[PDB]
């Protein structure tokens, strides 16, 4: 993550819904805001959260009375993506994991917060011929909010990963905010090769397969794009090998392949997958964030998360707009 000197959000309160690892909390606390409630149902996600932050999040959001929830200024939520992702079956609102949005709307109507900050995958914007995005937009307008949305690739904001998400920001209509803007891009100066651990710590992750086929030669100069060097098996998900001189592919949570969830990379003559700590780094997490003791769950957790840096830049801008109140 990056360091913020001008703490634009001091004094405001927020809630962490679908908490996961607490990615929304790190970003917002770095700007001076305060957390007053959290909710996450996964047994193991709850353990890591407690380890790092010191409190257990409440359970199942679908059976919590919206009036119990504390008064807050910003609502944060990165709702489930399985029913909308391009890697799934695309069942949308007919999937029991696709209706979560409406519990958000339910909470919103009661607490009427100042800002609503949501985020999902790129295909969310195109699903069902744009109908799904329309439904979210109209419900927000009807509740008296303005809707601002955009798709941002992580490689444009300092982190070496091709990870495209859609961000949705909503301000209550009586605040009359007319100057919010999505952050401007810059040049990338860090590559996969700058975050790797020493060879002695990652020896156990090596894989020597006899069906390895090199289709491209290693490159000699860095570039901001995924460079594919080879394949194993039929070249499906988890069977593709890339260069450490380019950028990483999107990390996932339920993926397969011999190089499951992270993909394979050509490191010093060898082919291996990433270590959990190296995953933390490509997601923007600091080396002081304690990871889960079980390697298996650690990978799933990081693949469901958000990239800190992008959230930080957007949070600064939300505060700047709120603080501009001239005579």
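Numbering follows the first chain given and starts at 1. So that the term is clear: the rigid core is the largest set of C-alpha atoms that superpose within 1.5 Å between two forms.
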| query | finding |
| --- | --- |
| Which of 130 to 138 and 92 to 100 strays further in 8 other deposited structures of this protein - Cα RMS after rigid core alignment | 92 to 100 |
| Stretch departing more from the displayed form, 235 to 243 or 76 to 84, Cα RMS in 8 other deposited structures of this protein (core fit) | 76 to 84 |
| Entry-level comparison of average CA B-factors, 123 to 131 and 68 to 76, reporting the higher stretch | 123 to 131 |
| Mean C-alpha B-factor comparison - 258 to 266 and 26 to 34, higher one | 26 to 34 |
| From 179, 244, 146, 161, residue of greatest CA B-factor | 179 |
| Options 194, 239, 156, 218 - largest CA temperature factor per the record | 218 |
| Position of residue 108 among the chain's modelled residues by C-alpha B-factor, lowest, middle or highest third | middle |
| B-factor third for the C-alpha atom of residue 287 within its chain | middle |
| Relative C-alpha B-factor of residue 43, binned into the chain's lowest, middle or highest third | highest |
| Entry-reported Cα temperature factor of residue 227, expressed as the chain third it lands in | middle |
| Chain-relative CA temperature factor third for residue 167 | lowest |
